[PDB]
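Right, one structure below, let's go through it.
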Amino acid sequence: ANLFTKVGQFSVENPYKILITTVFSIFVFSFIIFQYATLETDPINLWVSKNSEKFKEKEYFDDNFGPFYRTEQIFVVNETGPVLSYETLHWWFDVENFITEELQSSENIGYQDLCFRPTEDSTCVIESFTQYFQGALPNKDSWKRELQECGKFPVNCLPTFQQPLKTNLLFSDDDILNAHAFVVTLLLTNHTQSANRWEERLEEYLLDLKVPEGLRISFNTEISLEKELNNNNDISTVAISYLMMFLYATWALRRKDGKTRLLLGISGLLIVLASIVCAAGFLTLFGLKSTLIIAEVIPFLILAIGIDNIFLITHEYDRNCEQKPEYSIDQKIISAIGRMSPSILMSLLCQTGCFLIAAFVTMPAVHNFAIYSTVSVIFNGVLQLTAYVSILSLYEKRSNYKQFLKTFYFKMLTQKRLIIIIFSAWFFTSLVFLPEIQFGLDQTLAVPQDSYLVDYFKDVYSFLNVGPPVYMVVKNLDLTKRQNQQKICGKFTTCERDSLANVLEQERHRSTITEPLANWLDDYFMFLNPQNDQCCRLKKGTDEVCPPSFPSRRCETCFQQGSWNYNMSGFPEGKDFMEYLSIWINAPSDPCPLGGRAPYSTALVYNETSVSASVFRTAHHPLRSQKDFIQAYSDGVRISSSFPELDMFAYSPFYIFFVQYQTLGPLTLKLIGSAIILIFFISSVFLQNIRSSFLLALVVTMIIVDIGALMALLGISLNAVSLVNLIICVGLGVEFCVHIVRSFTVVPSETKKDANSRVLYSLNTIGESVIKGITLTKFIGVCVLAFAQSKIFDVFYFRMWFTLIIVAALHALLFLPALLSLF
Ligand SMILES: CC(C)CCC[C@@H](C)[C@H]1CC[C@H]2[C@@H]3CC=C4C[C@@H](OC(=O)CCC(=O)O)CC[C@]4(C)[C@H]3CC[C@]12C
Ligand SMILES: *[C@@H]1O[C@H](CO)[C@@H](O[C@@H]2O[C@H](CO)[C@@H](O)[C@H](O)[C@H]2NC(C)=O)[C@H](O)[C@H]1NC(C)=O
Ligand SMILES: *[C@@H]1O[C@H](CO)[C@@H](O)[C@H](O)[C@H]1NC(C)=O
Ligand SMILES: *[C@@H]1O[C@H](CO)[C@@H](O)[C@H](O)[C@H]1NC(C)=O
Ligand SMILES: *[C@@H]1O[C@H](CO)[C@@H](O)[C@H](O)[C@H]1NC(C)=O
């Protein structure tokens, strides 16, 4: 507590060395940012913890079964009716073929060089209704009848890549002629930069595409999210915020006579700028990467809170001018610093601690923001206690100067009991609404409102009639043994009642994973059925695969009519299992439909003696909300635990982005609870009065509880961003109440020690400072976040922090005086 007085005392005696060091420190840090600063843009690096189980499972899936396809999805929409017409078919057939056959990317790399191919000799997989006709424009008359039958019976119109396409994948309505949209999905197995270049060319192509009148297209490339997420220009917004603060600072920092002090106003804002630069340049040396949050929020948050102590010290120093006039300018600043240091330091520590508590959230972008805010707040506090004190001493010495309201503080203290009843009811009403807070972070808010991804995300929720695929990865299961393979199959009478196939079939009518499971092990055993005389043919008298050109009577089935049984009697085991597995996983699907090459060539990781890992593919039903995604993620985790005897997990591409919600609620209670107890201990050490510290913590709890209830009423979902913002609201609320509580606790001997008198003296001392130096300054800092290009910075930052200011100010200015006079 005395180091601030010692630090401020050193600053007044050595202002130029402090000021020279400050600019030198700023210059070097700004140089580091200029040179070594890096911006993190990858969504996975921003939202996914590298140490999460889902991330590690994604690494295993990528290494063993390749990274999931790079998906480029296009929606073509007829908002007021059906989209299918020969005019639109003629247009899209030309556009669709150009994209996949003629759209070179520079480097002369097209779709054919990057597309997914089920087999090396197959064609590109294009998930579109144009593939029902093999990418050839149908007749002007028969396209309606042909398209309907193809939707009804996909097998009858198999595409050139031999994978049937269901209408729920290609359209918005199973009634194809009435569907308002049709979906086009492009899959790329290439994961090098050449794929990135082509997707950029594809993205530029679609933005410049002339859609027919009455139609509309939304799309998404694998690079779209990264490009759109980190595509913002808010330089003017920051300047506007700092100009409004400059105008307010000039008015607030003018002398009691009414004379403006421009240097003090400018210096206070320059110190805020230095705090951001010094923190950003400091964290660069540690290799920390900034993100969109740093560019879009940090200048506003630090501006909102980095200017408060300037008013508190200057206003207190102004008070030291009228009171104790014989004191010199140096002594006035030191005395003002000394008495206001305990409240400033305690609030600073609460700000520091809450940010560090918010750093326990594992989202790197959110964790990065908390760490950046922690350094900025510490840098801001040091600068205010050294740089501003040096400037204030320099300015005041050079410019020598000779020098509602209280009525409300009495009228409101007449309604102490009524005030407590109003706020007590508000807190109790708020508790009822806490269970009503919704989880999630809508993706439309994350991207700029003008982005083309906003339309695409709406189209997915509106028109996509399929859900993300789910892969059941089973590893280290010795499938050469009958017992182990009985734990997977579901087509045979000896398979366990709780086998992978059996259990998952039950979940189809009980969970979000409602699609049939592609069981390769069942297909492999079905492929061995002697009834399938065209499957598993061996040269007679030899254990060699029958050549496809070989005619009948020159080969024999791997199994005789009496060996294969539906109770798995005679099924291959040991080395025989792997012997015929090579035959099955290489057989084409043309003569034998049960051949596992096309469907399961990449579904198995194996060698000549064992299958080390394998994949069983299913999918969720269409997920059309944050609740659906959270429930879908919950189902995957729950089902993975349904097989304690299997080293297995469920993989979906979106799982990494919804890890937090599995434990968000318990984490919110733990982190916010930890923050409030931290307030109690920090307050107790400084206030040295557990009663006052308890009431301060109690009031902060009511503010946070009320904010949480208002989040439910205001439609602010709970996620990593909201949780950290709400954790910051804990620190922000403390600053609203710390000075009121401390002034009540410590009063001069001249004033009466009565509780009512102490509350009045507190309101007649810093009540103005709380309004001018905390409340109004906070609003100006974050007000422009309401107009941010991305609605996340308005929904989850402005709305929460704007609500914090109102709720905290009401509790600090009305309830807290009543809660102090009584109790
Ligand atoms: C630096 C600040 C601005 C935070 C950045 C966080 C984003 C990288 C996160 C927040 C919400 C996330 C989204 C939440 C939900 C989804 C849906 C889900 O997508 C699918 O299942 C595919 C089909 C569909 O889009 O519905 C997974 C990706 C996505 C877009 C997520 C992508 C990553 C996002 C945009
Ligand atoms: C991703 O696509 C690139 C092409 O853009 C492939 O790289 C080519 O590979 C061939 C054969 O090795 C070379 O002759 C070309 O010079 C490469 N071109 C470029 C631009 O690098 C790459 O193989 C693809 N990725 C995978 C996994 O197949
Ligand atoms: C879009 O829907 C309206 C509603 O019937 C329809 O009249 C119009 O033709 C559609 N657009 C196209 C390009 O067909
Ligand atoms: C499996 O079925 C065959 C005939 O269908 C029968 O001979 C055999 O005993 C059955 N297996 C077992 C373990 O009973
Ligand atoms: C096959 O893979 C298994 C599991 O990884 C391993 O234990 C075994 O040594 C491998 N055998 C050969 C011949 O590669």
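Chain A is numbered as in Swiss-Prot, which gives 324-726, 737-1156 for the residues shown.
This deposition comes from electron microscopy, 2.4 Å.
Including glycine, each Cβ sits where the backbone N, Cα and C put it.
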I want to verify the bond table. Which candidate from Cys868, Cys869, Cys879 sits on the other end of the disulfide that Swiss-Prot records for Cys925?
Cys868
In Swiss-Prot, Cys891 is paired in a disulfide bond with which of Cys869, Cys879, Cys888?
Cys869
Work out how many Å separate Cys438 (disulfide bond) and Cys879 (disulfide bond) at their Cα atoms, rounded off.
32
What's the CA-CA gap between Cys888 (disulfide bond) and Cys869 (disulfide bond) in angstrom, rounded?
10
Three-state secondary structure, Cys473 (disulfide bond) (per DSSP)
helix
Between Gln726 and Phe737 there are 10 residues with no coordinates. Please give the Cα separation in whole Å.
24
Filtering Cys438, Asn513, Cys925 (recorded positions) by proximity to ligand 2: which pass a Cβ cutoff of under 6 Å to any of its atoms?
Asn513
In whole Å, how far is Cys822 (disulfide bond) from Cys925 (disulfide bond) when you measure between their Cα atoms?
21
How about the transmembrane segment (1054-1074) and the transmembrane segment (1000-1020): at least 3 CB pairs under 8 Å, pairs 6 or more apart in sequence, or not?
yes
Applying the under-8 angstroms CB criterion, which one of 341-361, 585-605, 1099-1119, 1133-1153 scores highest with the transmembrane segment (1027-1047)?
1133-1153
Expressed to the nearest Å, what is the distance separating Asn940 (N-linked glycosylation site) and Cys879 (disulfide bond) at their Cα atoms?
22
